[PDB]
Amino acid sequence: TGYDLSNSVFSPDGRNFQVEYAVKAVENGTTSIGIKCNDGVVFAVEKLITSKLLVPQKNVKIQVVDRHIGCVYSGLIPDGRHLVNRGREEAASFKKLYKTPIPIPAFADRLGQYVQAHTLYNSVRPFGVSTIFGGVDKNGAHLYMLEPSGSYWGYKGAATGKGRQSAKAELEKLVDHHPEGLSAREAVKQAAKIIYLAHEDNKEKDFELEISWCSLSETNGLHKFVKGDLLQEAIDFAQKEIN
Amino acid sequence: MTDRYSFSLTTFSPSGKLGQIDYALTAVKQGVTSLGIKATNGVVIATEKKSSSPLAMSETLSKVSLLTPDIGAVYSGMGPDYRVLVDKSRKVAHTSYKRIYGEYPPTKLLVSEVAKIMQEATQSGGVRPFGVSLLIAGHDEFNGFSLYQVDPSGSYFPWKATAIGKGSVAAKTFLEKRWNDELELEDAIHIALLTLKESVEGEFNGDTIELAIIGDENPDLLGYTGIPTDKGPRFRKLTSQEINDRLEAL
Amino acid sequence: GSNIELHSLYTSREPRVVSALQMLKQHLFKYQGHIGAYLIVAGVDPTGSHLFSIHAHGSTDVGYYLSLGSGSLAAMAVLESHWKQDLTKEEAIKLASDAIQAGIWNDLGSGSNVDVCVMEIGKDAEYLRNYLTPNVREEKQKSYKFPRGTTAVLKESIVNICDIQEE
Amino acid sequence: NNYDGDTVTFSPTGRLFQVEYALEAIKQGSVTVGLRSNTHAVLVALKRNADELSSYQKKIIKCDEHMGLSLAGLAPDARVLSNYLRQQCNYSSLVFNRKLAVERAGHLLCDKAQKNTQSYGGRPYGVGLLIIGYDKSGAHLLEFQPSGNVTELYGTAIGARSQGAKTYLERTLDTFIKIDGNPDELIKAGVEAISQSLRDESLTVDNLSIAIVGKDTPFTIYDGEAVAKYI
Amino acid sequence: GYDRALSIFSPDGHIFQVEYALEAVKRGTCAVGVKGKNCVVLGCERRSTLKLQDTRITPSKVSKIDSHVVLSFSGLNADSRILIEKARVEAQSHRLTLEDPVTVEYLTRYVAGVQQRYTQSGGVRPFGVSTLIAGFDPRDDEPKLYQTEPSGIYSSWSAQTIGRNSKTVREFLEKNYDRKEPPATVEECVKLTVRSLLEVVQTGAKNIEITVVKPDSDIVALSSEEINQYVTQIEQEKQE
Amino acid sequence: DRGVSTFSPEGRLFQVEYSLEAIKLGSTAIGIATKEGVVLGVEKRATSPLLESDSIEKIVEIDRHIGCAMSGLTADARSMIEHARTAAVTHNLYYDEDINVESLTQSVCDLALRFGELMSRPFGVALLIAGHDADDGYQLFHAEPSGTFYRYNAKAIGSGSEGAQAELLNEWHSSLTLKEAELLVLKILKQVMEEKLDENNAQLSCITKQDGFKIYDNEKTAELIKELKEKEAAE
Amino acid sequence: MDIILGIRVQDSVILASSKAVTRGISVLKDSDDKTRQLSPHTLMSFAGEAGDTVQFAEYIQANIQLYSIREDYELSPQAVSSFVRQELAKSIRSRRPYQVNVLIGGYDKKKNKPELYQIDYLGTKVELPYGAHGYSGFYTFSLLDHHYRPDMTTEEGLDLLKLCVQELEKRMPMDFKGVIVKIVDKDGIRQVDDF
Amino acid sequence: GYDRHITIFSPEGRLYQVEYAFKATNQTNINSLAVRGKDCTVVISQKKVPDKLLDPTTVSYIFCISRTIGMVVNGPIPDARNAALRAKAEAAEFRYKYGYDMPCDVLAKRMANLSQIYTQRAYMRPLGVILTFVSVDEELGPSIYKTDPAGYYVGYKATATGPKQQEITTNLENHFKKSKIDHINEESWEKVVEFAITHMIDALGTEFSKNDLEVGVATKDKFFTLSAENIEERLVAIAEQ
Amino acid sequence: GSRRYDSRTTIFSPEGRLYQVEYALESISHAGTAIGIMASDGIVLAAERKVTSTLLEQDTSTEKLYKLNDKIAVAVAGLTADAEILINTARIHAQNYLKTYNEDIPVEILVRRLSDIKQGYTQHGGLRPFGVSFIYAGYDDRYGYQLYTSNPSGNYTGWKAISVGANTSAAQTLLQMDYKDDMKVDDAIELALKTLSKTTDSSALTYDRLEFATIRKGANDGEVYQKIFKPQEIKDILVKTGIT
Ligand SMILES: [Cl-]
Ligand SMILES: [Mg+2]
């Protein structure tokens, strides 16, 4: 034993226990989801209201990369911010050299390689976040989810955090009941519902809903936050479904 | 990041032993048998092509390697370590010698350079020793034919004949009885094949044995004509057919 | 040539002309023409037969016939007059040496003898040092061998070239 | 236990103990309170002395004309982080002729603290900060933790016995937020809030430290007889 | 580069590596320094376990740093060469920039500063050496004698000893050395230095080295016979 | 083993806390600030009678208006003093003025936590930095290896610190004269010292606006010791 | 032109160096000693660009004195001259070369022979019976070609040197304000106070 | 027992971190197979999409390194992509420096040397992957070269990698014992892919749908992967005889 | 991080010893014995090769005696590979001195330089020390014939006669017994071989198990010659002295 004391050490299983311990930090975090729709993607996240003293709508969790990519994550919030800062540098250098905005699969690997690099040495710690991200590019809509190991895949729907099992079950129903696809405005409504349903795992403290989206028709392929009437419409739809 | 292993991973123990070097020698002991014999007019080096799978093409894996036109090398121990050493050995023969003096280094000095590289892996920061022992056969104008052994420590010794790896203890005894100072090259090849048969279990033929010589100059292998002083490489790898011909007269 | 040999050993393949071409031009380009090397590179490899020229600034050119140096104009005049497609080995050697002769006779920077190298496919390359020798010095009218003792000397001494001796 | 030797090591439950131990240093530190209205933002800090001959350790640091913070924990670490903020506020002014946003100031602190939690050799910061400021979107109050977590709040408190002041502010939320165009009453609410965290000792003239920033009010610190008014 | 912190504090507030360096000094051969009214004498022990030695070429224990200052030591011999070299370089550097040779106090402060630096620098261990630095300042007739140690602290001494069994010879010097009236002559000073070593040395043959330093760059090392005469006179007076 | 910049479960840096233990083993140093000046006094503590005590330099000048006393691993203080002197002189070069005592102290304390795996460990010495400037007048600071500095009306550091600090608690008042402070340092030093206090094993110093920083002669201190003995015998 | 001369006789080396220091239109000093003692039996005179001359001489002096202390031994004049040459040969391909010419006069105690070395700023070393740097050689070399012997005494060497200085004072355009003369022999280095 | 944490020798002369990297290779529970035709080299690999929420098009362990070279990986995807990106960079650099396309065997050697360095240098860990490179080389013809965490590499007539590699290996061994040749004597690559799939079915004892497999094909001057519909056409032909 | 695996090669024990230096000396104590004897008219270097084989090519072999320059040579005891690193450094140092001062390097200066390099590995860098002990045999015009030894600690000392490697305790006692100051080279040759013959762990001392060298002024007039003995020449001197 002692194989779990240092990062980048293979155990006799062939496992990196330090990365597996980073996953525990992710599982401890709040719920966040992603939904791939007809011509874009929708992101949503659970924000726990620790106290009345928290200013509503101010502590924003979802982050934009470039102008067409959205990023949300569960786990250690600072680690997620560090990853997004890197993502922004990666996207900037891509656009600098190649002119076109970075494609989503291309962007996904840039994060993947960077996270994977933090499993190669004992002088660094793995990332304590699973990141759900995506957007619209020349080839259409893309949704991805990236783990502490550096592992990522494309997704129809994605979920992580403390209420991931509840969310995953809800996402699986949508995939089955909508083979032809889901619209952007529908996805926002469904996203709200799923976060509310996933909140049963964090039911002690009340929460604040935060949604964003990229859509070719609704947002011209740019990342925007869901605000005002459209946000309230999604909250009402979500509240109606739980009752 | 940064390589933060700037300290030695090989250190003296209370008994005065250098553990990592001893353990590297143990890895060499497990390795497949290889040998070298020196004749009056040449040198022979040989080893078994231990194929990991019958689907694998064992011709693509070269255990016996040309370092210079007149110097060859064979090993016992960890194959990957050997492969990188051959790369470095080839390069150092150019950078530290040929690009300075306009000619290939003599056997002993190339061996000295390889030995240096292996010593540094025994003392430098954040590295383990090489897990191989090399046998380097070669020829040069002023020293003639020569055969050297190089160990993980960086120590090297000249030999009339020797063996390393799996069945080296038995093979060295076999060579002591057969070796004399009047051997011709063909006689040394014959003795090499006899010695190597003892350590091999399965098939024993040109396809499972790798054998090369340092002998006469080969103008046919030079690739060009017109310069009298350039007479061709003394290193030659024996073909599968050439080995089988000598196995009939065995 | 050194790096090509090491490359050939690494790859277990015979070297290609385009590899030497690429390595040369990238080296020369890096030094911005300060390495004054103007080369004609030729050879045969598994891909076929090749002929290139290299300028000191790093530009390369492809051709069936090329000439470089101070006598390149004298040589190219011959090549442009006598070159044709589908030349034989014997016709090409003649054309090449004729082109060099044009330079030897007409260019002051060129002279003496003609060296040749033939690189044919599926064969060893033959280097023909002093293929032609049309400029041998005529016999001198007189011998200038001096009478021994003609030169005035002040001192003599043996020089010790040997190492330090035993005993 | 076995996973608290350095900051580069997760525990089996996904915890970073060196960060948690750094968080502990804040709890040992003296209490400090932060609160704001729509027009002004106030910092109130209980200063601590070594003994009767000693001075009372300063808790509040000015970062710019429109921004500053109060500290709780390792004071030298607060000096490093406040110096960084001073430079960042200054870079924004010199290059962009732009006063640094309080939210963006929080983001910069978060990212600086984070690098110290993921790399070998270094250590987390051992201090918690309460940043107040007035920018183009009005008054702001931030809470910085050396884990990297930064939070925008109406009011808060950090340090020893800070739970008492935090509960008071949670009750008074609706009242003190409405205190617009009245600095003295907003400070009164802050002084009354920090009083809920006191035991044995009371607020004296060289014990109390107050700072304020607002609409037409540069970041200024009040100490000595300047705070006798509020005792 | 190798950056590892080798010299560090322990729970009881000790730097063990610095303290273990003092144990290396305790193992080293005894060295003694005594200053008279117009001179300083440096005595040194030579362990007689090593015979068949070539005393012409063997590194002498007392080293000249400049023409007016000398340095002896106790502890690791290899370590002492590094300090001596640095000290010699600084002595010439001082002459070059200040146009005046170093004071004995300055040279001591430099050597002590080097020793200190090695107690809080990454990747290095402390020097296992304590030194006795003696001499006369330029254009000054007041004798100077300083001591340094691995930690980096230094101080001036009327008389001092370092090395193995230094506790015994310090005991001797504390009762025999009078501050109000120090050794007035060279003879008296050398005699007291030899006497102090004879408490520890064993045989008074080739085991005692003596070096006398006088004002105005007047440094001389005594021979075997010259020292043997002191050894003879001391014991003949003792037989009473 | 373990990191040099490691936090304990209580939220303290191991190495900093251990360096504080080394300072407790050091010789006593006392500082007293008054409206007529600041007095600094130290215990020399010679290890042997053959050691020439006047070479023991535990009180040190930083500038004409700033002095400094030390306690602990005194060898570590040399680089701190060198930095302080450079900072003081450099500021005068850049600004044509004396540097504030607090600003000088802050500059010294910035070195404190520059250790890791920069220097390999914290300083094992505490400093009493005393001085005067036009803005804040006569001041006394206590600079630790934690990087923290407190201002003090009076302060004792070293082996007899907590016993001396309790004595300074009672004796100090805001109307102390310089002469009264001098005797008070001598009184408390004599109380906590192992060996009997005299002019050779103890040293006094002061900083005034007029004369600047001055280390006292052994003849001058001897008279103050004699003056102390008589006034204690007076009641 | 900073006149520096050197003559090697039977049992000693004699160096003569001008006393004037002229900066522009004014003679700032008329008693300047353009030499440094490298070791008890080795003396180096120098001439070249302002500042560089002294900086170089003192740098060499420091290095030789360091060697003497380390080894408790005096380097031979030949060894010192080779060290000096290498420093100048290193210097000439530097960013800013030392613009200094030197003469090294020494007495080798091992061989019991005087030795004179002439080294220019490029690092060009030659051992000579007599030498000079700058324009002085244009007058003195031919004069010494006529009057020199290897078996001359020190007194004859000084008379021969007076003849050089008289010629320089007659035919050179600058007033170099006379010379400081120093003798290097078995007993060490001494200055001739009346010349 | 720190000789099991970093890449230094144990008393037995073993590198335990290298051995444990070999075990990580099978973590994905996927089996791959590679065979050579006359004009082509075919590589097939099992495809497993357990989650319904996954976009199955993005789930892949086959990589297009260069126009001519393809690579299948056995091991975790992060290490797989790490190796893929490096191989792509190396292949591109090679073409720029030496003026011709990097051969399959040379790339394999280069990646093997990089792997060797991780077994010797302490600060770098081995990658828990086995890399199988395939191409139709312009000199050597159809080529299969495989690299592992030890830094070992060799050419192959055919090969298999994964948990059930031995079953596939013996199945292939027995076929080449009958035919007595070093390749699949077949003109079209379509039939070579059919051979590969057929012999994997026989060895593993499992039937495959179009979404259960992943196929890569190397021909002269290009390497390409088959779509689900291209594989379906392949499965239909197998069933009809 | 990496700290976990650091052996800390450059630290003191509680007793004030350098662990790695002490263990390196333990390694050297198993190495073949090497002896140096200094006489009035020259120096002898004798050394024993370790358990050789009949198939070892002796005439082209060199594991013990190495040439640093024309005036100085060394006998090695310990790791040969480590020794060659230092030997090549020493060879360069001698040439640097010659280029600078145009004189051959004094023996002590060369010895001090190598000894300072060894010292460095014990004080800083975190690397293991060189497991090598040298016997330096050399000549210069200042001190004449000189014998020195250096060990992994970087400490060096001068000697009239000295041994390193295996059985030095026994070897030093025998040398101390029969050595005299007015001794000559031919007598020193005999002493060196007789000492090895008694201290050897082998059954008998033969030519194939020895390396031998002399530094003599026995060169034509005032100059010094180095003689590295050939196998046949070692065989002859063994018969002459009456050992075989
Ligand atoms: Cl490579
Ligand atoms: Mg010249």
# chains A, B, ... in the order shown; residues from 1 in each chain; ligands from 1

$ residues_around --residues "range 104-115 of chain F" --least-positions-apart "2" --cutoff "7 Å" --atoms "only C-alpha atoms" --output "list in words"
residues 80, 83, 84, 87, 88, 99, 100, 101, 102, 118, 119, 120, 121, 122, 123, 143, 145, 146, 147 and 148 of chain F

$ residues_around --residues "residue 223 in chain E" --least-positions-apart "2" --cutoff "10 Å" --atoms "only C-alpha atoms" --output "MDAnalysis selection string"
chainID E and resid 206 208:211 220:221 225:228

$ atom_distance --atom1 "CA of residue 84 in chain G" --atom2 "CA of residue 184 in chain G"
18.4 Å

$ residues_around --residues "range 29-33 of chain F" --least-positions-apart "4" --cutoff "7 Å" --atoms "only C-alpha atoms" --output "list in words"
residues 37, 38, 39, 40, 41, 42, 43, 69, 70, 71, 128, 138, 139, 140, 153, 154, 155, 156, 157, 158, 181 and 185 of chain F

$ write_last_selection --atoms "C-alpha atoms" --output "compact mmCIF listing (two decimals), in the first residue's frame"
# COMPACT_ATOMS: atom_id res chain seq x y z
CA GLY F 37 13.52 58.56 23.73
CA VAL F 38 13.63 54.78 23.32
CA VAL F 39 16.01 52.59 25.34
CA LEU F 40 17.36 49.23 24.16
CA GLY F 41 19.22 46.81 26.45
CA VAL F 42 20.57 43.27 26.04
CA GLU F 43 22.10 40.37 27.95
CA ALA F 69 18.46 44.68 19.30
CA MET F 70 18.32 40.92 18.66
CA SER F 71 17.60 37.62 20.43
CA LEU F 128 13.42 44.84 18.62
CA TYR F 138 9.53 57.65 19.26
CA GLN F 139 8.59 54.05 18.39
CA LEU F 140 9.44 50.46 19.34
CA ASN F 153 5.39 50.84 24.57
CA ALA F 154 7.72 48.29 26.16
CA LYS F 155 8.79 44.77 25.19
CA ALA F 156 11.05 41.94 26.32
CA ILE F 157 12.23 39.04 24.12
CA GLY F 158 14.42 36.00 24.81
CA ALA F 181 13.77 53.99 31.52
CA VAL F 185 15.92 48.10 31.72

$ closest_atom_pairs --of "chain B" --to "chain C" --cutoff "6 Å" --atoms "only C-alpha atoms" --output "CSV"
residue,atom,partner,partner_atom,distance
B:223,CA,C:124,CA,5.0
B:224,CA,C:125,CA,4.5
B:225,CA,C:126,CA,4.9
B:226,CA,C:127,CA,4.5

$ residues_near_ligand --ligand "ligand 1" --cutoff "12 Å" --atoms "only C-alpha atoms and all ligand atoms" --output "NGL selection string"
(:B and (80-81 or 83-88 or 91)) or (:C and (6-7 or 9-11)) or (:H and (90 or 94 or 106-117 or 151))

$ write_last_selection --atoms "N, CA, C and O atoms" --output "compact mmCIF listing (two decimals), in the first residue's frame"
# COMPACT_ATOMS: atom_id res chain seq x y z
N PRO B 80 14.28 -2.45 -24.91
CA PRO B 80 14.08 -1.01 -25.12
C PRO B 80 15.27 -0.15 -24.69
O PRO B 80 15.64 0.79 -25.40
N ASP B 81 15.85 -0.46 -23.53
CA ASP B 81 17.05 0.23 -23.05
C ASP B 81 18.20 0.10 -24.05
O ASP B 81 18.94 1.05 -24.30
N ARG B 83 17.89 -0.41 -27.32
CA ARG B 83 17.54 0.32 -28.54
C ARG B 83 17.94 1.79 -28.46
O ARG B 83 18.51 2.33 -29.41
N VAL B 84 17.63 2.43 -27.33
CA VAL B 84 18.00 3.85 -27.14
C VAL B 84 19.50 4.03 -26.98
O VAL B 84 20.04 5.05 -27.41
N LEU B 85 20.17 3.06 -26.36
CA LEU B 85 21.63 3.11 -26.23
C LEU B 85 22.31 3.06 -27.60
O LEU B 85 23.28 3.78 -27.83
N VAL B 86 21.79 2.22 -28.49
CA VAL B 86 22.30 2.12 -29.86
C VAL B 86 22.12 3.45 -30.60
O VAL B 86 23.01 3.88 -31.33
N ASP B 87 20.96 4.09 -30.42
CA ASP B 87 20.71 5.40 -31.01
C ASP B 87 21.74 6.42 -30.53
O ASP B 87 22.37 7.11 -31.34
N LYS B 88 21.93 6.50 -29.21
CA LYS B 88 22.90 7.41 -28.61
C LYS B 88 24.33 7.06 -29.00
O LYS B 88 25.14 7.95 -29.26
N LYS B 91 25.02 8.20 -32.53
CA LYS B 91 25.12 9.65 -32.59
C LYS B 91 26.44 10.16 -31.99
O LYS B 91 27.08 11.04 -32.56
N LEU C 6 22.86 8.84 -39.85
CA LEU C 6 22.16 8.56 -38.60
C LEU C 6 20.67 8.35 -38.82
O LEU C 6 20.04 7.54 -38.14
N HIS C 7 20.11 9.10 -39.77
CA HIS C 7 18.70 8.97 -40.12
C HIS C 7 18.44 7.62 -40.78
O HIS C 7 17.45 6.95 -40.47
N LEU C 9 20.12 4.90 -40.39
CA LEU C 9 20.24 3.87 -39.36
C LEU C 9 19.00 3.81 -38.49
O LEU C 9 18.55 2.72 -38.11
N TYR C 10 18.44 4.97 -38.18
CA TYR C 10 17.26 5.06 -37.34
C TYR C 10 16.05 4.43 -38.04
O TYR C 10 15.28 3.69 -37.42
N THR C 11 15.90 4.72 -39.33
CA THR C 11 14.74 4.28 -40.11
C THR C 11 14.90 2.92 -40.79
O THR C 11 13.94 2.39 -41.33
N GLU H 90 4.50 14.25 -34.26
CA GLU H 90 5.75 13.63 -34.70
C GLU H 90 5.72 13.31 -36.20
O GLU H 90 6.70 13.53 -36.91
N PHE H 94 8.15 15.07 -38.94
CA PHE H 94 8.98 14.19 -39.77
C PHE H 94 8.89 14.57 -41.25
O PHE H 94 9.90 14.66 -41.94
N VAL H 106 8.72 3.46 -38.31
CA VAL H 106 9.57 4.52 -37.77
C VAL H 106 8.82 5.30 -36.69
O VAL H 106 9.39 5.62 -35.65
N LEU H 107 7.55 5.59 -36.96
CA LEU H 107 6.69 6.22 -35.96
C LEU H 107 6.54 5.33 -34.73
O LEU H 107 6.61 5.81 -33.59
N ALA H 108 6.34 4.03 -34.95
CA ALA H 108 6.24 3.07 -33.86
C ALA H 108 7.49 3.08 -32.99
O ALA H 108 7.40 3.09 -31.76
N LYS H 109 8.66 3.10 -33.63
CA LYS H 109 9.94 3.16 -32.92
C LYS H 109 10.06 4.44 -32.10
O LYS H 109 10.48 4.41 -30.94
N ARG H 110 9.69 5.56 -32.71
CA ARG H 110 9.76 6.87 -32.05
C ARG H 110 8.88 6.90 -30.80
O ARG H 110 9.32 7.35 -29.74
N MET H 111 7.64 6.43 -30.93
CA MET H 111 6.72 6.37 -29.80
C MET H 111 7.21 5.37 -28.74
O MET H 111 7.01 5.59 -27.54
N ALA H 112 7.84 4.30 -29.19
CA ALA H 112 8.43 3.31 -28.29
C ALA H 112 9.60 3.89 -27.49
O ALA H 112 9.77 3.56 -26.31
N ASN H 113 10.40 4.74 -28.14
CA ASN H 113 11.52 5.41 -27.47
C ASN H 113 11.03 6.39 -26.41
O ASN H 113 11.62 6.50 -25.34
N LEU H 114 9.96 7.12 -26.73
CA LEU H 114 9.32 8.00 -25.76
C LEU H 114 8.80 7.21 -24.56
O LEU H 114 8.97 7.63 -23.41
N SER H 115 8.19 6.05 -24.82
CA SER H 115 7.74 5.16 -23.76
C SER H 115 8.90 4.65 -22.91
O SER H 115 8.78 4.58 -21.68
N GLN H 116 10.02 4.31 -23.55
CA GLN H 116 11.23 3.88 -22.85
C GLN H 116 11.70 4.93 -21.86
O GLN H 116 12.06 4.61 -20.73
N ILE H 117 11.70 6.19 -22.28
CA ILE H 117 12.12 7.30 -21.42
C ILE H 117 11.31 7.36 -20.13
O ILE H 117 11.85 7.62 -19.06
N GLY H 151 8.18 0.11 -23.63
CA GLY H 151 9.00 0.68 -24.69
C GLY H 151 9.37 -0.36 -25.73
O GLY H 151 10.21 -0.11 -26.59

$ residues_near_ligand --ligand "ligand 2" --cutoff "10 Å" --atoms "only C-alpha atoms and all ligand atoms" --output "CSV table (one decimal) with N, CA, C and O atoms, in the first residue's frame"
chain,number,residue,atom,x,y,z
G,101,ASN,N,48.8,47.9,-23.6
G,101,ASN,CA,50.1,47.2,-23.9
G,101,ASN,C,50.9,47.2,-22.7
G,101,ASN,O,50.9,48.1,-21.9
G,102,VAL,N,51.7,46.1,-22.5
G,102,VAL,CA,52.5,45.9,-21.3
G,102,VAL,C,53.9,45.4,-21.6
G,102,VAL,O,54.1,44.7,-22.6
G,103,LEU,N,54.8,45.7,-20.7
G,103,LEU,CA,56.1,45.0,-20.6
G,103,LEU,C,56.2,44.3,-19.3
G,103,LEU,O,55.8,44.9,-18.2
G,117,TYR,N,59.6,40.4,-21.2
G,117,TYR,CA,58.5,40.0,-22.1
G,117,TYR,C,57.7,41.3,-22.6
G,117,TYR,O,57.3,42.1,-21.8
G,118,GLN,N,57.5,41.4,-23.9
G,118,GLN,CA,56.7,42.5,-24.5
G,118,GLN,C,55.4,41.9,-25.0
G,118,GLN,O,55.4,41.0,-25.9
G,119,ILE,N,54.3,42.4,-24.5
G,119,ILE,CA,52.9,41.9,-24.9
G,119,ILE,C,52.1,43.1,-25.3
G,119,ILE,O,51.9,44.1,-24.5
G,120,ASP,N,51.5,43.1,-26.5
G,120,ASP,CA,50.5,44.1,-26.9
G,120,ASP,C,49.1,43.7,-26.6
G,120,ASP,O,48.8,42.6,-26.1
G,121,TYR,N,48.2,44.7,-26.9
G,121,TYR,CA,46.7,44.5,-26.5
G,121,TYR,C,46.0,43.3,-27.2
G,121,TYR,O,45.0,42.9,-26.8
G,122,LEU,N,46.6,42.9,-28.3
G,122,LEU,CA,46.0,41.7,-29.1
G,122,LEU,C,46.4,40.4,-28.4
G,122,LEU,O,45.8,39.4,-28.7
G,123,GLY,N,47.4,40.4,-27.5
G,123,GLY,CA,47.9,39.2,-26.9
G,123,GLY,C,49.1,38.6,-27.7
G,123,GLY,O,49.3,37.4,-27.8
G,124,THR,N,49.9,39.5,-28.2
G,124,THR,CA,51.1,39.2,-28.9
G,124,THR,C,52.4,39.2,-28.0
G,124,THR,O,52.9,40.3,-27.7
G,125,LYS,N,52.8,38.0,-27.6
G,125,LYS,CA,54.0,37.9,-26.7
G,125,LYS,C,55.3,37.6,-27.4
G,125,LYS,O,55.3,36.8,-28.3
G,126,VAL,N,56.3,38.3,-27.0
G,126,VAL,CA,57.7,38.1,-27.4
G,126,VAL,C,58.7,38.3,-26.3
G,126,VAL,O,58.5,39.3,-25.6
G,127,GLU,N,59.6,37.4,-26.1
G,127,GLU,CA,60.7,37.6,-25.2
G,127,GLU,C,61.8,38.3,-25.9
G,127,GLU,O,62.2,38.0,-27.0
G,131,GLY,N,62.9,46.1,-25.3
G,131,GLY,CA,61.6,46.3,-25.9
G,131,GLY,C,61.0,47.6,-25.6
G,131,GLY,O,61.5,48.4,-24.7
G,132,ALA,N,60.0,48.0,-26.3
G,132,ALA,CA,59.3,49.2,-26.2
G,132,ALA,C,57.9,49.1,-26.8
G,132,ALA,O,57.6,48.3,-27.7
G,133,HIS,N,57.0,50.0,-26.3
G,133,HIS,CA,55.6,50.0,-26.9
G,133,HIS,C,55.3,51.4,-27.4
G,133,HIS,O,55.9,52.4,-27.0
G,134,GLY,N,54.4,51.5,-28.4
G,134,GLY,CA,54.1,52.7,-29.0
G,134,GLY,C,55.2,53.3,-29.9
G,134,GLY,O,55.9,52.5,-30.5

$ residues_around --residues "residue 192 in chain E" --least-positions-apart "6" --cutoff "12 Å" --atoms "only C-alpha atoms" --output "PyMOL selection string"
chain E and resi 32-36+40-43+159+169+172-178+182-186+198-199+210+230-231+233-234

$ write_last_selection --atoms "C-alpha atoms" --output "CSV table (one decimal), in the first residue's frame"
chain,number,residue,atom,x,y,z
E,32,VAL,CA,44.3,26.3,20.1
E,33,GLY,CA,44.8,30.1,19.8
E,34,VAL,CA,46.5,32.3,22.4
E,35,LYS,CA,47.3,36.0,22.1
E,36,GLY,CA,50.1,37.7,24.0
E,40,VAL,CA,49.4,35.6,18.6
E,41,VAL,CA,50.2,31.9,18.6
E,42,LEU,CA,48.2,29.2,16.9
E,43,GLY,CA,48.7,25.6,18.2
E,159,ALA,CA,42.5,32.7,24.2
E,169,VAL,CA,42.4,22.6,27.2
E,172,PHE,CA,43.6,24.8,31.5
E,173,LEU,CA,43.5,28.2,29.7
E,174,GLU,CA,40.8,29.6,32.0
E,175,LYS,CA,42.9,29.1,35.1
E,176,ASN,CA,46.4,29.9,33.5
E,177,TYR,CA,45.6,32.9,31.3
E,178,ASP,CA,45.5,36.3,33.1
E,182,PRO,CA,49.0,38.4,29.2
E,183,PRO,CA,52.1,36.6,27.9
E,184,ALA,CA,54.5,39.6,27.5
E,185,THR,CA,56.9,37.9,25.1
E,186,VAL,CA,56.9,35.4,22.2
E,198,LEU,CA,50.4,18.9,26.4
E,199,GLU,CA,47.2,18.4,28.5
E,210,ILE,CA,53.1,25.9,16.4
E,230,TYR,CA,59.7,23.8,24.7
E,231,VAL,CA,58.4,20.3,25.5
E,233,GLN,CA,61.8,22.6,29.4
E,234,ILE,CA,58.1,22.2,30.5
